[PDB]
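Asker: To start, I am sharing the structure in question, which I have written as structure tokens.
There are 2 protein chains.
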Amino acid sequence: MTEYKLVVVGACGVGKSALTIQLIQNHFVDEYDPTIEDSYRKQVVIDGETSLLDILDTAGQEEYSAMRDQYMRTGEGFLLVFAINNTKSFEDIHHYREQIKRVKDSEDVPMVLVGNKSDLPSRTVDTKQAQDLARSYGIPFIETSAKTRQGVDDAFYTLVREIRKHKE
Amino acid sequence: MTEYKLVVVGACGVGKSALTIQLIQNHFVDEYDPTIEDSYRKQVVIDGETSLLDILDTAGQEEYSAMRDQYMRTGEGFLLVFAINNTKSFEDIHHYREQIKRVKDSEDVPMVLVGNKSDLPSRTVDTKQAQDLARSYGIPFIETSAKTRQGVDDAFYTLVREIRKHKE
Ligand SMILES: Nc1nc2c(ncn2[C@@H]2O[C@H](COP(=O)(O)OP(=O)(O)O)[C@@H](O)[C@H]2O)c(=O)[nH]1
Ligand SMILES: Nc1nc2c(ncn2[C@@H]2O[C@H](COP(=O)(O)OP(=O)(O)O)[C@@H](O)[C@H]2O)c(=O)[nH]1
Ligand SMILES: *SCCCC(=O)NC1CCN(C(=O)COc2ccc(Cl)cc2Cl)CC1
Ligand SMILES: *SCCCC(=O)NC1CCN(C(=O)COc2ccc(Cl)cc2Cl)CC1
Ligand SMILES: [Ca+2]
Ligand SMILES: [Ca+2]
Ligand SMILES: [Ca+2]
Ligand SMILES: [Ca+2]
């Protein structure tokens, strides 16, 4: 069976760990140590086909990192997470995408844009702005809430779909 | 001296001809026949260096065209023109960029986004939308008016600068 390496990226505090732990362990973590950077395994069936996912939840500092570059080289798809109430996190998505392009020397890398914290009653990033960003990049967009679990499986499943398409 | 093939693209009526004729002949045309497709020569000096420009003002139909693909293959830089009072023209920029990517096998070819008819207050496309689009594409954005000549030289000169960079 196919095995894929997924990487969850995004600004500090946007919900990378919360999304990943919801997927893997089916609970919401409200105080997950911000420096824990680890990989989690999950076997999934998506569109009738099984895949083993190795999901790296990233947690480095704002600095150039050779190790991060290695994670980018090994990663096959990237979840680009921002929080819908944090404009900086949305602006910085661009920079994170450029990092991936630099390391992988490619603009066709599998990626999905994820607007997390959709359960919140206020937002500073409008949905249309996010949809237009994703359209400009040629990638899917999905809104999630790690807190209510809304869209969590679909975000990761969509990324797998993007990886499969690329590998074909 | 170096010679570059430039291509001016954009939806019907956005001001491709008016922009091109302002650059070449220094006057504003009101009713230029919409099917005239032609190339114009212009020697320019940009940042102290001279270049010979061969500028194609496009005027085909909405259809796949083998001849258009040949113009894209030989084109070295593209002006992506929309009109700020024509939302369709702005939406369709994306499609026109994808056509160039198709033909050029996804090359990162020089392009500049041009928001024309900037003198008009009947705007339907927000400047911030256009800035963000250009940012996502990694290209400059220039506001122009072929009517007042605002930005006209600078749009074409910026495209030349992008070509010179690409060829380095
Ligand atoms: N309301 C809301 N809060 C969330 C959501 N996801 C994460 N959080 C909160 O944001 C904080 C940071 O989440 P975390 O996953 O640790 O961020 P990371 O630095 O991106 O890994 C968490 O403690 C939660 O308080 C969500 O979908 N909704
Ligand atoms: N007000 C204004 N009108 C313009 C501008 N550029 C073009 N036009 C007018 O828009 C119409 C279409 O221009 P044209 O250059 O023929 O468009 P093309 O089909 O893209 O070649 C004509 O009536 C032009 O005079 C501009 O910057 N401002
Ligand atoms: S939470 C405490 C502060 C630390 C912080 O701000 N870290 C940031 C998080 C975002 N970041 C990225 O580089 C995101 O993009 C990444 C990360 C990891 C990989 Cl493998 C690929 C990309 Cl594109 C910088 C540090
Ligand atoms: S006023 C014109 C009447 C008909 C019309 O709607 N023609 C459109 C204009 C836009 N178009 C494109 O394909 C634009 O993109 C182009 C054109 C030419 C080249 Cl070489 C490259 C690109 Cl990306 C369809 C026809
Ligand atoms: Ca974390
Ligand atoms: Ca794509
Ligand atoms: Ca014309
Ligand atoms: Ca660029």
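Line by line, the protein sequences give chains A and B.
Its first residue numbered 1, the first sequence is counted upward by one per residue in our numbering.
Its first residue numbered 1001, the second sequence is counted upward by one per residue in our numbering.
Beta carbons are placed, not taken as given, at the ideal position from N, Cα and C, and that holds for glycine.
Within the same chain, show all residues whose beta-carbon is closer than 7 Å to that of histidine 166 (chain A), passing over the 5 residues directly before and after it, in chain order.
Answerer: For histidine 166 (chain A), where only same-chain residues beyond five positions count, the Cβ hits under 7 Å are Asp108 and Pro110.
Asker: Alpha helix (DSSP H) containing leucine 1120 (chain B): first to last residue?
Answerer: No alpha helix (DSSP H) holds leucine 1120 (chain B); DSSP gives it neither H nor E.
Asker: Could you tell me the distance, in whole angstroms, from the CA atom of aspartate 1047 (chain B) to the CA atom of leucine 1113 (chain B)?
Answerer: For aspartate 1047 (chain B) and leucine 1113 (chain B), the distance between alpha carbons rounds to 20 Å.
Asker: What residues match up with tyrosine 4 (chain A) in a beta bridge as DSSP calls it?
Answerer: Per DSSP, A:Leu53.
Asker: Under a CB-based cut-off of 9 Å, is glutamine 129 (chain A) close to chain E?
Answerer: Looking at the structure shown, chain E is missing, and the protein chains on hand are A and B.
Asker: What do you reckon, is the C-beta of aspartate 1057 (chain B) under 8 Å from a heavy atom of ligand 7?
Answerer: Under cutoff, so the answer is yes.
Asker: Can you give me the start and stop residues for the beta strand (DSSP E) that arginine 41 (chain A) sits inside?
Answerer: Looking at the DSSP string, the run of the beta strand (DSSP E) that includes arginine 41 (chain A) is 38-46.
Asker: Measuring only the C-alpha atoms, how far is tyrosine 1096 (chain B) from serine 1118 (chain B)?
Answerer: Each residue's Cα considered, the two are about 21 Å apart.
Asker: May I ask you to list the residues that DSSP assigns as paired with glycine 10 (chain A)?
Answerer: The partner list for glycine 10 (chain A) (beta bridge, DSSP) reads A:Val81.
Asker: Would you list, in chain order, the members of the stretch 131-164 of chain A that have their beta-carbon closer than 9 Å to a beta-carbon of chain B?
Answerer: Per Cβ criterion, the list reads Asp132, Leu133, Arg135, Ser136, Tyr137 and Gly138.
Asker: Going straight from the alpha carbon of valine 1125 (chain B) to that of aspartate 1038 (chain B), what length do you get?
Answerer: About 29 Å.
Asker: Output, in sequence order along the chain, the residues in the stretch 1071-1102 of chain B whose CB is closer than 9 Å to any CB in chain A.
Answerer: Hits within the stretch, in order: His1094 and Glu1098.
Asker: Using the three-state DSSP reduction, which class does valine 1112 (chain B) fall into: helix, strand or coil?
Answerer: Of the three classes helix, strand and coil, the one that applies to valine 1112 (chain B) here is strand, per DSSP.
Asker: For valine 103 (chain A), which option in A:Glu143, A:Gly75, A:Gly115 and A:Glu91 has the closest C-alpha, if you only look at C-alpha atoms?
Answerer: Comparing Cα positions, the closest option is A:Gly75.
Asker: Between B:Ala1083, B:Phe1141, B:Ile1142 and B:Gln1129, which has its C-alpha nearest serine 1122 (chain B)'s C-alpha?
Answerer: Closest option to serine 1122 (chain B), Cα to Cα, is B:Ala1083.
Asker: Looking at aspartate 38 (chain A) and ligand 8, is the gap between the Cβ and the nearest heavy atom below 8 Å?
Answerer: Result no, Cβ not under 8 Å from ligand 8.
Asker: Can you find a CB in chain B that lies within less than 9 Å of the CB of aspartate 108 (chain A)?
Answerer: Closer than 9 Å: yes.
Asker: Please indicate yes or no: does the CB of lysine 1016 (chain B) lie closer than 8 Å to some heavy atom of ligand 7?
Answerer: Under cutoff, so the answer is yes.
Asker: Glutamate 143 (chain A) bridges to which residues according to DSSP?
Answerer: Its beta-bridge partners are A:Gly115.
Asker: Would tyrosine 40 (chain A) and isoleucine 24 (chain A) qualify as a contact pair, given that the criterion is a beta-carbon distance under 9 Å?
Answerer: Yes, they are a contact pair.
Asker: Run the CB neighbour count on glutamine 1022 (chain B), radius 10 Å, all protein chains shown included, and call it buried at 16 or more, exposed below.
Answerer: Classification of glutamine 1022 (chain B): buried, given that the 10 Å Cβ count is 16 or more.
Asker: Compute the minimum distance between the beta carbon of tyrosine 1096 (chain B) and the heavy atoms of ligand 7, and state whether it is under 8 Å.
Answerer: Every heavy atom of ligand 7 is 8 Å or more from the Cβ of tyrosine 1096 (chain B), so no.
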